[PDB]
Structures are given as structure tokens and as C-alpha cells.
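> Got a structure for you, questions after.
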Amino acid sequence: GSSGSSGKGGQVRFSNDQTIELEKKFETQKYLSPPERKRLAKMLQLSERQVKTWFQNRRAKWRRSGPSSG
């Protein structure tokens, strides 16, 4: 009962599988060099700007989520 959730917010455009991986990646690396991001956009069928914006914004948020002060 107590259990609960929230969010489902954001003007992001991605697919189920796309999002799944898109995240599983940022986990191992908050960022991604051009060499990869380029190929990734082809693997997940996403766009460079989509793989560059998502991550970028992701970290910006993750930072606050993580205790890592500095």
C-alpha cells in the first residue's frame, strides 16, 4: 500500500527499448565520445543530438541524486 511512484514528466522523445539502453549506458559512462555516440545513434536508431542531449541532461540531474559532494 504505502508503495508509491511519480514522474512521467519531460518533453523527451524515445522508444521503450531505446530508453532502456539509453540509460543502461549513461550508468557505465555519464558521457560518450563522438566515436561512440555516432555508432550508438545507429544502434538505437536515435540521432546524435538525441544521444548528446539526453545524456547531458541526465548527468545534470544524476549529480543532485548522488551524494557525491565534490
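Residue numbering restarts at 1 for every chain of the C-alpha cells, chains are lettered A, B, ... in their displayed order, and ligands are numbered from 1 as they appear.
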Go through stretch 35-58 of chain A residue by residue and, counting only C-alpha atoms, keep those with an atom at most 8 Å from stretch 3-23 of chain A; for each kept residue give the shortest atom pair and its distance in Å to one decimal, ordered by chain and increasing number, as JSON lines.


{"residue": "A:44", "atom": "CA", "partner": "A:18", "partner_atom": "CA", "distance": 5.6}
{"residue": "A:45", "atom": "CA", "partner": "A:18", "partner_atom": "CA", "distance": 8.0}
{"residue": "A:46", "atom": "CA", "partner": "A:18", "partner_atom": "CA", "distance": 7.9}
{"residue": "A:51", "atom": "CA", "partner": "A:22", "partner_atom": "CA", "distance": 7.7}

> Find the residues around stretch 59-68 of chain A up to 9 Å (only C-alpha atoms counted), leave out those fewer than 4 positions away in its own chain, and share them as an MDAnalysis selection string.

chainID A and resid 26 30:31 54:55

> Would you work out the distance separating atom CA of residue A:38 from atom CA of residue A:58, expressed in Å to one decimal?

18.2 Å
